[PDB]
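Participant:
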Amino acid sequence: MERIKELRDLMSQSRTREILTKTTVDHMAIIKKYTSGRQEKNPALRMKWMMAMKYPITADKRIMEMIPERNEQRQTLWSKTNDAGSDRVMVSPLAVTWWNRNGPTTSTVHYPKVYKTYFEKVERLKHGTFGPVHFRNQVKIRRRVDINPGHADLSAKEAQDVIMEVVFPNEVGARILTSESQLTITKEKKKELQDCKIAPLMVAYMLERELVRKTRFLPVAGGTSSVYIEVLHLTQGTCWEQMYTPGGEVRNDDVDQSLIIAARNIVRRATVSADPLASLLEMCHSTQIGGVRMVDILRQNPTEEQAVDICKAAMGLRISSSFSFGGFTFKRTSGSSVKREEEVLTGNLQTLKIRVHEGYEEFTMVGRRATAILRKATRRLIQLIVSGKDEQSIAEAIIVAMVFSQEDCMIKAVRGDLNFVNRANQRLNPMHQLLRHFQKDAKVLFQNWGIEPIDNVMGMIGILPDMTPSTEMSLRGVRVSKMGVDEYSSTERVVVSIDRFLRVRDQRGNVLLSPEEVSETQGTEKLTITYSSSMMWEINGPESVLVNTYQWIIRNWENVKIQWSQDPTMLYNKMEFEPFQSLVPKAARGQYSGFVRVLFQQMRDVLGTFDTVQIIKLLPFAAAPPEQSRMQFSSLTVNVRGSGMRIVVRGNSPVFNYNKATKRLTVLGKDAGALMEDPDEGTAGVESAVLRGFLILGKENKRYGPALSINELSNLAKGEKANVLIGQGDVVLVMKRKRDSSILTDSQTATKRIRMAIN
Amino acid sequence: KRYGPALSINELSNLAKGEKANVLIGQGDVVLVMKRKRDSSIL
Amino acid sequence: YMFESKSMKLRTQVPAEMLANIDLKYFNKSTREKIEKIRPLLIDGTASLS
Amino acid sequence: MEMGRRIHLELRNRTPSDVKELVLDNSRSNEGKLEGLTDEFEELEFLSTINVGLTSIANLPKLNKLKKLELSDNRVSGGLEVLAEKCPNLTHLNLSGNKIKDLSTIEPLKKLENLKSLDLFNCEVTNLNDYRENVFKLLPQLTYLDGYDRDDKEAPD
Amino acid sequence: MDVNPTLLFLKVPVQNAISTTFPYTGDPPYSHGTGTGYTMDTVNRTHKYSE
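Protein chains in written order, with PDB author numbering: chain A, 1 to 759; chain B, 702 to 744; chain C, 355 to 404; chain D, 1 to 157; chain E, 1 to 51.
1. Based on DSSP bridge pairs, tell me the residues matched to residue 764 (chain A).
2. Going by DSSP, what residues sit across from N422 (chain A) in a beta bridge?
3. How far does the alpha helix (DSSP H) with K482 (chain A) in it extend, from its first residue to its last?
4. Would you say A684 (chain A) lies against chain D (beta-carbon separation less than 8 Å)?
5. Out of C:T366, C:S359, C:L373, which one is the CA nearest neighbour of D398 (chain C)?
6. Check whether chain D comes within 8 Å of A674 (chain A), counting only Cβ atoms and requiring the distance to be less than that.
7. By Cβ distance below 7 Å, which residues in the same chain neighbour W552 (chain A) in space, the five residues on each side in sequence not counted?
8. Please report the residue range of the alpha helix (DSSP H) in which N102 (chain A) lies.
9. Check whether the Cβ atoms of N26 (chain D) and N59 (chain D) lie closer than 8 Å to each other.
10. Can you give the Cα-Cα distance for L8 (chain E) and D130 (chain D), rounded to whole angstroms?
11. To which residues of the same chain is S393 (chain A) closer than 6 Å at the C-beta, ignoring the five residues directly before and after it?
12. Report buried or exposed for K41 (chain A), applying the criterion of at least 16 other Cβ atoms within 10 angstroms of its Cβ.
13. Taking a Cβ distance cut-off of 7 Å, strictly less, list which residues of the stretch 630-644 of chain A are near chain B, in chain order.
14. Between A221 (chain A) and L154 (chain A), what straight-line distance do the alpha-carbon atoms span, to the nearest angstrom?
15. Give the single residue among A:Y55, A:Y228, A:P625, A:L665 whose Cα lies nearest to the Cα of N148 (chain A).
16. From the DSSP output, in three-state form, read off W449 (chain A) for me.
17. Can you grab the Cα-Cα spacing for the pair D296 (chain A) / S86 (chain A), in whole Å?
18. Assuming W552 (chain A) is part of the alpha helix (DSSP H), what are its boundary residues?
19. I'd like the list of long-range same chain contacts for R589 (chain A), defined as Cβ closer than 7 Å, with 5 residues on each side in sequence excluded.
20. Within the 8 Å Cβ cut-off, does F404 (chain A) reach chain C?
21. May I ask you to list, following chain order, the residues of the stretch 703-736 of chain B that have a beta carbon less than 8 Å from some beta carbon of chain D?
22. Do we get a CB-CB distance below 8 Å when we pair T385 (chain C) with the residues of chain E?
23. Would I554 (chain A) and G673 (chain A) be called neighbours here (beta carbons separated by less than 8 Å)?
24. Less than 8 Å between the C-beta atoms of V162 (chain A) and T186 (chain A), yes or no?
25. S334 (chain A) by DSSP, collapsed to three states: which one?
26. Helix, strand or coil: which one does DSSP assign to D151 (chain D)?
27. Which residue from A:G644, A:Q138, A:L464 puts its Cα closest to that of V478 (chain A)?
28. Measuring alpha carbon to alpha carbon, tell me which of A:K80, A:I176, A:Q383 ends up nearest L691 (chain A).
29. Roughly how many whole angstroms lie between the Cα atoms of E700 (chain A) and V734 (chain A)?
30. At 7 Å on the CB atoms, spell out the chain E contacts of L138 (chain D), in chain order.
31. Going by DSSP, what residue range makes up the beta strand (DSSP E) through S117 (chain D)?
32. Given this structure, state the Cα-to-Cα distance separating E31 (chain D) from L47 (chain D), to the nearest angstrom.
33. Comparing alpha-carbon positions, which option in D:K67, D:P108, D:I100, D:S77 lies nearest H92 (chain D)?
34. State the Cα-Cα distance for the pair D417 (chain A) and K440 (chain A), rounded to the nearest angstrom.
35. Figure out for me which residue from A:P104, A:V667, A:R144 has the closest Cα to the Cα of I647 (chain A).
36. Inspect the CB distances between the stretch 130-138 of chain A and the stretch 232-251 of chain A and report whether three or more fall short of 8 Å.
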């Protein structure tokens with residue numbers, strides 16, 4: 001055929017053969033950058049010149065069979081010529097227009113599917129709403145913002161893998177054939193694009209555009225959502241503004257909040273622990289956030305918070321050399337300081353052990369509602385500038401800055417005791433206590449802080465102690481800018497040191513982060529959170545404890561079922577069931593356990609009536625001393641934060657909802673998971689031919705037979721080994737799996753063994 | 702408090718014969734109640 | 355009367371004192387016909403009805 | 001999937017005489033008529049047909065042990081004498097989402113004296129004024145309409 | 001089968017159930033009948049009937 005004959009021609013010459021045999025496929029793309037042509041400077045002039053010619057458009061040989069030589073007016077569409085470097089026949093724009101007006105027609109059913117991003121833009125515009133323009137001074141604060149809504153926020157590598165599986169089915173790398181998580185999106189796309197004639201490279205590029213995230217540094221003055229950035233030209237101006245709203249669909253996720261809560265819980269529960277470092281590491285390695293391990297999210301998500309930063313420092317990575325103090329992200333900009341320990345007596349006869357910075361340092365702070373700068377000397381506040389939308393933002397920012405300054409003037413201005421203790425009843429460090437105290441009331445300090453006149457100049461105004469604008473007098477080094485201050489432009493990530501106390505210390509010996517700086521606020525998990533760690537369900541509560549128990553049961557469904565079929569007793573005495581029975585009242589747990597145990601006895605006695613859902617629902621209740629009873633229960637009470645929740649043995653219940661149509665299980669509304677089944681004959685062989693779970697066996701082996709294409713591996717028998725071409729032309733011997741394990745659990749046992757040995 | 706937390710009068714229709722609960726009868730007092738095993742008939 | 359422009363999303367109100375001399379393109383067919391009928395009576399922003 | 005294949009799959013390589021509950025969900029029927037089911041089924045006790053695309057229950061066999069029959073989210077309309085005679089032992093019935101005009105077509109269900117519960121939802125009959133009480137009058141044997149009794153009390157199992 | 005209050009008159013003489021036809025028995029909340037176009041039409045009709 002043409003391809004192999006061309007390869008033979010290439011091999012005939014000495015140099016082409018030498019380059020073929022020498023260069024490895026790894027460096028193929030390196031010899032793709034050795035272009036001997038010449039890039040056309042000023043292509044606009046070149047295009048203007050070219051269009052005047054007769055045949056400036058290059059078409060392919062096949063065009064000779066479909067488009068006739070001349071049209072009705074005898075104009076010349078295509079010419080019997082060839083391009084410089086190939087066999088591309090020469091044609092004129094007449095050929096393009098003739099093809100459009102009289103060419104063969106097909107169905108563009110897949111074009112909307114491949115081009116969902118552009119059509120999504122179309123829909124978002126078509127359903128928008130407008131409002132009156134307003135003319136006024138515009139302030140466009142500069143910041144980073146999303147670009148393309150509708151993305152899955154996948155890493156470039158994951159998007160490449162998805163594209164390779166979707167459009168390049170039998171050319172996927174070894175990682176996919178040695179991979180387990182066949183993403184749902186991949187199968188969705190494979191089903192969507194079954195019969196698509198579009199050029200596969202175009203499909204790949206469009207999927208890449210659709211599934212990737214992008215961020216840009218822009219000046220915005222209003223809404224920052226992704227759908228509010230694609231129309232930034234229409235919305236914001238230098239002197240005007242436009243009221244607009246996209247009318248499509250927003251995809252604001254919540255995994256960031258879940259990660260915040262998870263990290264906060266981990267730090268709060270490990271700070272009191274004996275070995276916070278190894279403990280937190282073990283937790284992070286064995287925790288799942290909405291069906292995905294937390295390690296991937298930590299490596300992927302660009303979150304910035306004290307808990308996550310300390311987690312990174314413990315695990316070992318780079319974090320910003322700054323701290324978010326009082327709800328404001330700080331950043332050093334100029335000068336240097338030295339940390340010195342001292343004891344300070346406040347105005348309430350309270351002695352506090354503090355560490356103050358001595359030096360002529362400068363910081364910039366960016367909060368949720370303000371932006372400020374602060375130049376501080378050795379225990380001396382020199383200059384403070386703030387800008388904020390509201391007066392309250394101004395006041396909180398200034399309070400944060402002054403408490404950070406840690407000057408001696410405010411020390412004598414403390415009124416009332418500073419004995420604030422966080423919700424965990426752990427003593428708060430003096431600076432945080434002072435911050436909260438001055439948040440509560442600072443009028444006395446304002447009266448006794450400092451007052452001096454200021455020269456009047458444009459663009460900046462003073463502030464009186466009652467937090468009102470002033471032009472003739474203000475506080476010492478306190479000023480407010482009438483124009484917004486642009487945030488920090490860059491952040492420095494440096495190597496940092498972490499101690500067992502979860503305190504992050506810089507290379508100069510100073511401390512950077514502490515768990516005490518972590519906010520103790522509690523939120524709600526939008527997405528379910530699963531743990532396989534130790535008795536760490538301290539803040540989980542019953543609501544999430546139920547879901548965690550059901551998740552743990554369903555993860556080990558095979559082992560649980562085998563134990564129930566063979567050794568029910570040991571399964572019943574499992575330790576992991578301890579918290580569930582805590583919720584069940586202590587005056588009835590025996591009756592529930594006995595009832596469920598006798599029900600299981602009847603279940604095993606009978607055959608052909610197997611029901612997985614009932615067993616999963618009723619297993620945790622069989623973990624208590626089974627006192628005999630005769631009453632036929634129908635609703636087993638389940639205490640949930642002082643609210644008796646019952647479980648109906650037959651049929652669905654609010655505390656246990658399983659949908660058969662979707663075969664999905666959820667508990668108290670929260671997501672729990674799904675079962676591994678499809679036909680009503682206890683098998684899982686009915687799938688879409690998932691081509692995963694293969695193990696290589698070294699280089700090609702001739703005995704096993706001629707090499708097979710990946711697409712035809714599906715015919716392989718259980719455990720049969722053959723030769724297949726993986727990657728971009730690498731023949732290897734592969735087999736089907738026989739032991740239902742994965743690569744994740746490897747090294748864990750030896751990991752713990754060597755960890756014990758070292759310590 | 703050892704028995705099932707306070708129930709609702711409507712929910713009591715699902716308790717089995719001989720079952721016990723901690724139903725909230727009214728006002729601000731909780732009363733423990735057991736479902737009669739027998740059945741009282743009338744003309 | 356009250357006029358509104360949907361294109362620019364604007365609203366304005368005009369008094370009766372200026373109804374004697376004003377364009378009739380703003381109003382609809384019936385309203386402009388009524389204005390045409392009652393134009394020759396408005397004295398100092400007050401019609402005459404004997 | 002189709003009817004017969006679904007029934008064979010549910011049977012689980014067993015004879016059509018040892019099934020106490022049959023689940024036919026999201027199936028399809030040709031010409032909107034029941035197919036597959038035959039007299040051999042004599043132990044069925046809990047049937048369910050949802051989104052099955054049946055125009056009417058005109059080919060239902062004599063499942064004398066049929067007690068919990070469900071025809072939900074379908075477009076069944078016509079005479080119900082076939083259900084009255086073929087399965088005279090129905091106890092729980094569900095017609096939620098069906099296409100029924102008025103009580104003149106739901107009258108034949110009065111023949112079954114064991115119907116302890118009849119469920120209707122999103123139907124044309126329920127639009128009529130005093131639908132609940134009129135149906136109760138038409139079906140005295142009924143005790144729980146739409147999962148509620150004559151005095152609006154939820155019906156525990 | 002479907003409510004129809006008017007059918008009451010099929011046996012009751014209308015004069016008895018006249019209160020059936022007084023929808024409001026109160027002061028409605030819209031105040032329809034005051035403005036400028038109503039004055040325009042009033043003046044126009046007054047001068048038209050005296051053509």
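For each residue, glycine too, the CB sits at the ideal point set by N, CA and C.
Facilitator: To lay it out plainly:
1. In the structure as shown, chain A begins at 1 and stops at 759. Residue 764 (chain A) is therefore absent and cannot be evaluated.
2. Here residue 422 (chain A) corresponds to residue number 422 of the first sequence, with the count starting at 1. According to DSSP, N422 (chain A) bridges with nothing at all.
3. The sequence position of residue 482 (chain A) within the first sequence is 482, counting from 1. Segment: none, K482 (chain A) is in no alpha helix (DSSP H) and carries neither H nor E.
4. Counting from one through the first sequence, the residue named residue 684 (chain A) turns up at place 684. No, its Cβ sits nowhere closer than 8 Å to a Cβ of chain D.
5. The sequence position of residue 398 (chain C) within the third sequence is 44, counting from 1. Checking every option, the nearest Cα to that of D398 (chain C) belongs to C:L373.
6. Along the first sequence, one-based indexing puts residue 674 (chain A) at 674. Not an interface residue.
7. Sequence index remark: in the first sequence, residue 552 (chain A) carries index 552 (1-based). Excluding sequence neighbours, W552 (chain A) sits near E576.
8. Position 102 of the first sequence, counted from the first residue, corresponds to residue 102 (chain A). It spans 93-102 - the alpha helix (DSSP H) in which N102 (chain A) sits, taken as one unbroken run.
9. For the purposes of this step, residue 26 (chain D) is taken as the residue at position 26 of the fourth sequence. For the purposes of this step, residue 59 (chain D) is taken as the residue at position 59 of the fourth sequence. No. Outside cutoff.
10. For the purposes of this step, residue 8 (chain E) is identified with residue 8 of the fifth sequence, where counting begins at 1. For the purposes of this step, residue 130 (chain D) is identified with residue 130 of the fourth sequence, where counting begins at 1. Near 18 Å, if we compare the C-alpha coordinates of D130 (chain D) and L8 (chain E).
11. Along the first sequence, one-based indexing puts residue 393 (chain A) at 393. Counting only Cβ-Cβ distances below 6 Å, and skipping sequence neighbours, we find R369, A370.
12. On the first sequence, residue 41 (chain A) is found 41 positions in, with the first residue counted as 1. By the neighbour-count rule (16 or more Cβ atoms within 10 Å), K41 (chain A) is not buried but exposed.
13. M631, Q632, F633, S634, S635, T637, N639, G642, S643, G644
14. Sequence index remark: in the first sequence, residue 221 (chain A) carries index 221 (1-based). Sequence index remark: in the first sequence, residue 154 (chain A) carries index 154 (1-based). Between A221 (chain A) and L154 (chain A), the C-alpha separation is close to 28 Å.
15. Sequence index remark: in the first sequence, residue 148 (chain A) carries index 148 (1-based). When only C-alpha atoms are compared, the closest one is A:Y228.
16. What you label residue 449 (chain A) is simply residue 449 of the first sequence in a count that begins at 1. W449 (chain A) falls in the coil class under three-state DSSP.
17. For the purposes of this step, residue 296 (chain A) is taken as the residue at position 296 of the first sequence. For the purposes of this step, residue 86 (chain A) is taken as the residue at position 86 of the first sequence. Their Cα atoms are separated by approximately 47 Å.
18. What you label residue 552 (chain A) is simply residue 552 of the first sequence in a count that begins at 1. Here the alpha helix (DSSP H) through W552 (chain A) covers 541-555.
19. Counting from one through the first sequence, the residue named residue 589 (chain A) turns up at place 589. The residues are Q581, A624.
20. If you number the first sequence from 1, residue 404 (chain A) lands on position 404. No, no contact with chain C.
21. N711, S714, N715
22. The residue labelled residue 385 (chain C) in the question sits at position 31 within the third sequence. Interface residue, yes.
23. As a working mapping, residue 554 (chain A) is identified with position 554 in the first sequence. As a working mapping, residue 673 (chain A) is identified with position 673 in the first sequence. It is a contact, given that the beta carbons lie within the stated cut-off.
24. Stepping through the first sequence from its first residue, residue 162 (chain A) is reached at position 162. Stepping through the first sequence from its first residue, residue 186 (chain A) is reached at position 186. Taking 8 Å as the Cβ cut-off, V162 (chain A) and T186 (chain A) qualify as a contacting pair.
25. The residue labelled residue 334 (chain A) in the question sits at position 334 within the first sequence. DSSP places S334 (chain A) in strand when its eight states are reduced to three.
26. Position 151 of the fourth sequence holds residue 151 (chain D). Looking at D151 (chain D) - three-state DSSP - the assignment turns out to be coil, as it is neither helix nor strand.
27. In the first sequence, residue 478 (chain A) corresponds to position 478, counting from 1. That would be A:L464, whose Cα lies nearest to the Cα of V478 (chain A).
28. By 1-based counting over the first sequence, the position of residue 691 (chain A) is 691. Nearest of A:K80, A:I176, A:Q383 to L691 (chain A), Cα basis: A:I176.
29. On the first sequence, residue 700 (chain A) is found 700 positions in, with the first residue counted as 1. On the first sequence, residue 734 (chain A) is found 734 positions in, with the first residue counted as 1. If you take the alpha carbons of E700 (chain A) and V734 (chain A), they lie about 9 Å apart.
30. Here the question's residue 138 (chain D) lines up with position 138 in the fourth sequence. Here the premise fails: no neighbours, minimum Cβ distance about 12 Å.
31. Within the fourth sequence, residue 117 (chain D) is the residue found at index 117, counting from 1. It spans 117-119 - the beta strand (DSSP E) in which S117 (chain D) sits, taken as one unbroken run.
32. The residue labelled residue 31 (chain D) in the question sits at position 31 within the fourth sequence. The residue labelled residue 47 (chain D) in the question sits at position 47 within the fourth sequence. About 21 Å.
33. Mapped onto the fourth sequence, residue 92 (chain D) falls at position 92. Measuring from the Cα of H92 (chain D), the nearest candidate turns out to be D:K67.
34. Translated into the one-based positions of the first sequence, residue 417 (chain A) becomes position 417. Translated into the one-based positions of the first sequence, residue 440 (chain A) becomes position 440. Those two C-alpha atoms are separated by around 12 Å.
35. Here residue 647 (chain A) corresponds to residue number 647 of the first sequence, with the count starting at 1. Taking only the C-alpha atoms, the option nearest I647 (chain A) is A:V667.
36. yes
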